[PDB]
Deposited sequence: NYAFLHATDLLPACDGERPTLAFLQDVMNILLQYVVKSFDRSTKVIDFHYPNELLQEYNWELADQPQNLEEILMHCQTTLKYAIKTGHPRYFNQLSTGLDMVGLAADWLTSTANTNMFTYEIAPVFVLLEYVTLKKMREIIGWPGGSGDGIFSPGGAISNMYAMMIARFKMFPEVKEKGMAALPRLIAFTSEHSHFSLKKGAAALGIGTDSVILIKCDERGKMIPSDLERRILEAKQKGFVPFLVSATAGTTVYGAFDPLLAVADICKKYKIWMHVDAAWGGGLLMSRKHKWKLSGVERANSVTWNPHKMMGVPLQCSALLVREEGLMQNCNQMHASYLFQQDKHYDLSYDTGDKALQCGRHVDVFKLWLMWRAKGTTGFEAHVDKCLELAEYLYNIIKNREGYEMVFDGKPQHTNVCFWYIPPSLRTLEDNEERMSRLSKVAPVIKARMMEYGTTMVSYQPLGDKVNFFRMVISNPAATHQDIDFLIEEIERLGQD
């Protein structure tokens, strides 16, 4: 078979149908095996290699002449061998964790359809799903009858960038033709705990990171409303022009939620666009129990929401929602057609990301997403309640998690009663993490923040993570902490 086959033998080659059905099914068998193992707790989360080791371990170089299909199937096998098992019960390293089965099936179909999003003409079903999916999301947000507008973007960082583009265009439509030189000095405001995409977006948009002012946060990670007003008032005293405040509904580290009702009030007072970065926190909008954390989002001019994070949609499902209909097109256009849409965004070519969200929503219902969001949040509560009362574990800030983010230090037995042992604590998480990966038992991110030294930022979003996996984690950290 495959040893005497090549790509040129497969469809659209005439003697191609039989070898194609076999080859694709053999890839599928590899994929299925990896899928089941991903859920097996005896499987390593990571088979860790240094870049040079991985380079020397296998030939990854490219060649002039073609390789046979046996060698291609081996490449697939080898690739999944060294891949991180992002669906594994004990993978806790990023905000996006898990491997959703309907979502995967939906992604497989999307690739098979392999079309662009720009017109109804070539993506008729997908343009319609995009309209229905984004409308429902606008209802969940709280905009009356789901009114407003929306787009899927290639990342919430770009969704944030779009929101800033549109807030500027709204205040100064002439920027499009004339550039920033035509405008007064624009100022944007965001929290000290907010995502770096806002500074990056401003730099990209010719606004300048100097014109992105950071607002002070409290001990719990929440933007202080009175520092925001103070800063707005300073800006317009200097004759600068506030155009944007970006509030974060679920920060990346603490999982903190800015007080939306108070910033909404400040944005009402000063006539400023309110954006909500709900990339991470947006999932809690599916929870009747937890959505109160996003109270005031209904007053926002724009919202960013990443179903690829808490809702488990396979990678790249990010939406921007804008309340004022027509704005996005006006901003982005350069010159039944209502289904294009092409001149609403910066992208030209655009990958179909809607179907994976829509099929999952269909398979799970709104209630399904709800139940999952709550399962994760309780599990974080289970973690928080154990370590809160456990010797060797000190919380990074006082206040219960908002959110599945649990931030903590592990203090090894050889450091607890030491009479600036912070310097030694600073080095504990990096060593544990290193040992986690060498053994491949779990993965957790650690980082410093402000005046805090390297601490573990535990996060839960994987449906495969259970109470035992939290129990295992606590114990593994202890085991690996010597010293």
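Missing from the model, by position in the deposited sequence, are residues 336-346, 431-433.
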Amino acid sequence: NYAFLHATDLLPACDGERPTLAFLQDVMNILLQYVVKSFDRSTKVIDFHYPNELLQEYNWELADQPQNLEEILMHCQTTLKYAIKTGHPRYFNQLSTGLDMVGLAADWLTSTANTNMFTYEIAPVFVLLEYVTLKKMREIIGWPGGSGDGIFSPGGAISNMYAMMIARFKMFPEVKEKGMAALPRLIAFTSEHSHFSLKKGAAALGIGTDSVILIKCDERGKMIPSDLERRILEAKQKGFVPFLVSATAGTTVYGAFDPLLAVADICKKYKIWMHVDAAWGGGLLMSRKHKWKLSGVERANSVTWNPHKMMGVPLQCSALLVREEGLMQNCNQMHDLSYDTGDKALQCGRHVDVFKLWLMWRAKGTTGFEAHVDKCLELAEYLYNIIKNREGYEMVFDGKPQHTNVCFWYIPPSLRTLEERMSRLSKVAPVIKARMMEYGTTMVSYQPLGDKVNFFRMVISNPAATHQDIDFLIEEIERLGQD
From here on, numbers count along this sequence of modelled residues.
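Two stretches are in play, 402-410 and 336-344, and the higher mean C-alpha B-factor belongs to 336-344. As listed in the deposited structure, the average C-alpha B-factor of 105-113 and of 386-394 is greater for 386-394. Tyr58 sits in the highest third of its chain by CA B factor, as recorded in the PDB entry. Annotation for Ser147: C-alpha temperature factor in the middle third relative to the rest of the modelled chain, per the entry. When the modelled residues of the chain are ordered by their C-alpha B factor, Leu415 lands in the highest third. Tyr34 sits in the lowest third of its chain by CA B factor, as recorded in the PDB entry. In the PDB entry, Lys291 places in the highest third of its chain by CA B-factor.
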